[PDB]
Visitor: 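Input: one structure, supplied below.
Only heavy atoms go into these numbers, but all of them, side chains included; no hydrogens, no water, no symmetry mates. To find a chain, count down the sequence lines: A is the first, B the second, and so on, and within it residues start at 1.
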Amino acid sequence: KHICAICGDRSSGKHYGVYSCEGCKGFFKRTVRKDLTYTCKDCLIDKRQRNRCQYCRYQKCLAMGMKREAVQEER
Amino acid sequence: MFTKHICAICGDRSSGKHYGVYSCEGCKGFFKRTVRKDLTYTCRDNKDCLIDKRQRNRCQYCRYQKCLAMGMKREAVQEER
DNA sequence: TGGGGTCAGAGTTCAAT
DNA sequence: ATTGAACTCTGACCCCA
Ligand SMILES: [Cl-]
Ligand SMILES: [Cl-]
Ligand SMILES: [Cl-]
Ligand SMILES: [Cl-]
Ligand SMILES: [Cl-]
Ligand SMILES: [K+]
Ligand SMILES: [K+]
Ligand SMILES: [K+]
Ligand SMILES: [K+]
Ligand SMILES: [Zn+2]
Ligand SMILES: [Zn+2]
Ligand SMILES: [Zn+2]
Ligand SMILES: [Zn+2]
């Protein structure tokens, strides 16, 4: 699948268990690494609006099956 | 089979010896790559970074010194086919 | 075996915002 | 600080004698 399951943008392969784009991959990574927590509870997450709501973007990452445990230690 | 051994370097599972030492597939691949390209690394800390399964990639310098300390032989790495 | 190889999916960088 | 396009590294899983 070459469509990001989260935002619908063109996809880069599987990442953390989900067909996703580099943006959603990088966003999920940073969210898990820094243990970040956001505040919005169901905004639209597509390509153009993906950055508009960090809370909803991260919730959808999880809802599409992204695995926190797949984010490794910073090297 | 993997029942018999663990990696002398990081403690992950091992199916046997590589370059002279019971090691996992990761430390095997890591040691090979380091030698093949003659890579030099640097440690940001005190040259005693903990090397286990979770932390092994966090300092390549320390991972490499431990490969040597445990007995891995650079000369066992062959030329790239 | 214990040498070899591959490449998906982890990693990172850094210009642009 | 944050994003994401475009890179490098890793290691599970193969191939052989
Ligand atoms: Cl080194
Ligand atoms: Cl370091
Ligand atoms: Cl560990
Ligand atoms: Cl990173
Ligand atoms: Cl490297
Ligand atoms: K492969
Ligand atoms: K690749
Ligand atoms: K860059
Ligand atoms: K890997
Ligand atoms: Zn996406
Ligand atoms: Zn929202
Ligand atoms: Zn190891
Ligand atoms: Zn170190």
Side-chain angles (χ1 to χ4, degrees), chain A residues 1-39 45-58 60-61 64-75, chain B residues 1-44 49 51-64 66-67 70-81:
Chain A
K1 191 106 196 67
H2 306 102
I3 291 299
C4 176
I6 296 151
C7 78
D9 187 15
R10 300 175 59 152
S11 152
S12 189
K14 266 176 167 192
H15 303 291
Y16 312 124
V18 182
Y19 298 107
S20 45
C21 66
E22 282 296 319
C24 292
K25 153 191 167 184
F27 170 84
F28 193 80
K29 187 205 64 177
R30 294 184 301 266
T31 300
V32 178
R33 292 267 178 88
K34 314 157 189 296
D35 252 286
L36 300 187
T37 305
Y38 312 108
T39 54
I45 301 295
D46 55 26
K47 183 187 203 293
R48 201 44 64 154
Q49 313 282 358
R50 64 187 177 206
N51 298 307
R52 299 288 289 178
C53 187
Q54 290 173 320
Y55 176 84
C56 285
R57 189 178 191 185
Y58 175 67
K60 199 170 182 193
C61 284
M64 295 312 274
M66 269 193 173
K67 301 163 184 167
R68 285 183 109 267
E69 56 259 39
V71 181
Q72 303 176 3
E73 298 276 28
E74 186 189 36
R75 292 177 188 169
Chain B
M1 200 172 49
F2 295 77
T3 311
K4 273 285 307 167
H5 303 285
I6 70 167
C7 180
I9 295 148
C10 75
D12 196 11
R13 65 178 189 138
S14 159
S15 63
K17 293 176 173 194
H18 306 287
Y19 315 117
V21 169
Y22 288 102
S23 36
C24 63
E25 287 296 316
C27 293
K28 170 199 159 180
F30 171 74
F31 189 70
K32 174 180 71 168
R33 290 186 307 267
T34 300
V35 175
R36 288 271 180 89
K37 318 137 175 189
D38 195 34
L39 297 177
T40 289
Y41 308 116
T42 296
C43 169
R44 298 176 177 176
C49 299
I51 303 294
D52 53 26
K53 180 178 160 62
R54 187 171 170 80
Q55 320 284 346
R56 65 193 180 204
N57 296 304
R58 290 173 60 91
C59 178
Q60 299 171 303
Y61 180 94
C62 282
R63 188 181 191 181
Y64 181 66
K66 198 172 186 187
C67 284
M70 289 313 187
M72 278 194 175
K73 295 307 181 199
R74 289 185 62 98
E75 66 269 18
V77 178
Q78 308 179 353
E79 310 279 325
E80 183 180 54
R81 294 180 184 168

Visitor: Less than 4.0 angstrom between a side-chain N/O of B/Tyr19 and OP1 or OP2 of C/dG4, yes or no?
Guide: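 Answer yes for this pair, as a side-chain N or O of B/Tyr19 is under 4.0 Å from OP1 or OP2.
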
Visitor: So if I take every side-chain heavy atom of B/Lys37 and compare against C/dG4, D/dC9, C/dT12, which nucleotide ends up nearest?
Guide: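 Selected nucleotide: D/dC9.
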
Visitor: Is there a side-chain polar atom (N or O) of B/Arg33 under 4.0 Å from OP1 or OP2 of C/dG4?
Guide: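 No, because none of the side-chain N or O atoms of B/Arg33 sits under 4.0 Å from OP1 or OP2 of C/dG4.
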
Visitor: For atom NZ of B/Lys66, is the number of surrounding heavy atoms from other residues, nucleotides or ligands below 6.0 Å larger than 12?
Guide: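 Result for NZ/B/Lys66: enclosed.
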
Visitor: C1'-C2'-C3'-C4' for C/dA10: north (positive) or south (negative)?
Guide: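 North, since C1'-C2'-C3'-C4' is positive for C/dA10.
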
Visitor: To the nearest angstrom, how far is B/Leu39 atom CG from D/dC9 atom P?
Guide: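 After rounding, the gap between these two atoms is 7 Å.
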
Visitor: Would you please classify the geometry between the B/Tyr64 ring and the B/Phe30 ring as parallel, tilted or perpendicular, with 30° and 60° separating the classes?
Guide: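 B/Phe30 and B/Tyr64: perpendicular rings.
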
Visitor: From C-beta outward on B/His18, which listed nucleotide comes closest to its side chain: C/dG11, C/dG2, C/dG4?
Guide: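 Looking only at heavy atoms from C-beta outward on B/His18, the closest nucleotide is C/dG2.
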
Visitor: Atom OH of A/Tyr38 and atom P of D/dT2: how far apart are they, to the nearest Å?
Guide: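 Nearest whole value for this atom pair: 7 Å.
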
Visitor: Write down the distance between CG (B/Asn57) and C1' (C/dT12), rounded to a whole number of angstrom.
Guide: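 About 13 Å, once rounded to whole Å.
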
Visitor: Check nucleotides 12-17 of chain D for protein N or O atoms closer than 3.5 Å to its own N or O atoms and list the pairs.
Guide:
from, atom 1, to, atom 2, distance (Å)
D/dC13, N4, B/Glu25, OE1, 2.6

Visitor: Looking at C1'-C2'-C3'-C4', which way does the sugar of D/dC7 lean, north or south?
Guide: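 It's north.
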
Visitor: In terms of the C1'-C2'-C3'-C4' torsion, is C/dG4 a north or a south sugar?
Guide: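 North, since the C1'-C2'-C3'-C4' torsion of C/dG4 has a positive sign.
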
Visitor: Salt bridge check, B/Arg74 against B/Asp38: does any charged N sit closer than 4.0 Å to a carboxylate O?
Guide: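 Counted as a salt bridge, because a side-chain N and a carboxylate O are separated by less than 4.0 Å.
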
Visitor: How many whole angstroms separate atom CD of B/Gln60 from atom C1' of C/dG11?
Guide: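 Whole-Å distance recorded here is 10 Å.
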
Visitor: Based on whether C1'-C2'-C3'-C4' is positive or negative, which pucker family does D/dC14 belong to?
Guide: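 Pucker flag: north.
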
Visitor: Over how many whole Å does the gap from A/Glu73 atom CD to D/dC9 atom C1' extend?
Guide: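 In whole Å, D/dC9 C1' and A/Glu73 CD are 16 Å from each other.
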
Visitor: For A/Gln49, is the CD atom crowded, meaning more than 12 foreign heavy atoms sit under 6.0 Å from it?
Guide: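 Enclosed.
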
Visitor: Does the side chain of B/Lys4 reach to within under 4.5 Å of the side chain of B/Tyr22, using non-hydrogen atoms?
Guide: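 No, too far: nothing below the 4.5 Å cut-off.
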
Visitor: Expressed in angstrom and rounded to an integer, what is the separation of B/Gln55 atom CD from C/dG11 atom P?
Guide: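 Result: 14 Å.
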
Visitor: Within a 6.0 Å radius of atom CD on B/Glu75, are there more than 12 heavy atoms belonging to other residues, nucleotides or ligands?
Guide: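 Counting other residues, nucleotides and ligands, CD of B/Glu75 exceeds 12 neighbours.
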
Visitor: Please report the distance, rounded to the nearest Å, between CZ in A/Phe28 and P in C/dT12.
Guide: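 Rounded to the whole Å, the gap is 15 Å.
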
Visitor: For a quick test of reading the model: is some side-chain N or O of A/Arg33 closer than 4.0 Å to OP1 or OP2 of C/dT12?
Guide: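 Affirmative; the distance criterion is met.
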
Visitor: Is the shortest side-chain N/O distance from B/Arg58 to OP1 or OP2 of C/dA10 below 4.0 Å?
Guide: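 For C/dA10, OP1/OP2 do not have a side-chain N/O of B/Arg58 under 4.0 Å.
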
Visitor: Starting from P on C/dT12, measure out to OH on B/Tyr41 and report it in whole angstrom.
Guide: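 Spelled out: OH on B/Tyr41 to P on C/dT12 is 15 Å.
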
Visitor: Please give me the minimum heavy-atom distance between A/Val18 and A/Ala5, naming the atom from each residue.
Guide: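 For A/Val18 and A/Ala5, the tightest heavy-atom pair comes out as CG1-CB, 3.6 Å.
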
Visitor: The test is side-chain contact (heavy atoms from CB on, under 4.5 Å); show your working for A/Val32 and A/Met66 and say whether it passes.
Guide: CA-CA 11 Å; A/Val32 178; A/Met66 269 193 173; over 6 Å; no

Visitor: Classify B/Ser15 by what it touches in the nucleic acid, base, sugar-phosphate, or nothing, heavy-atom distance under 4.0 Å.
Guide: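 Result for B/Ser15 = sugar-phosphate.
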
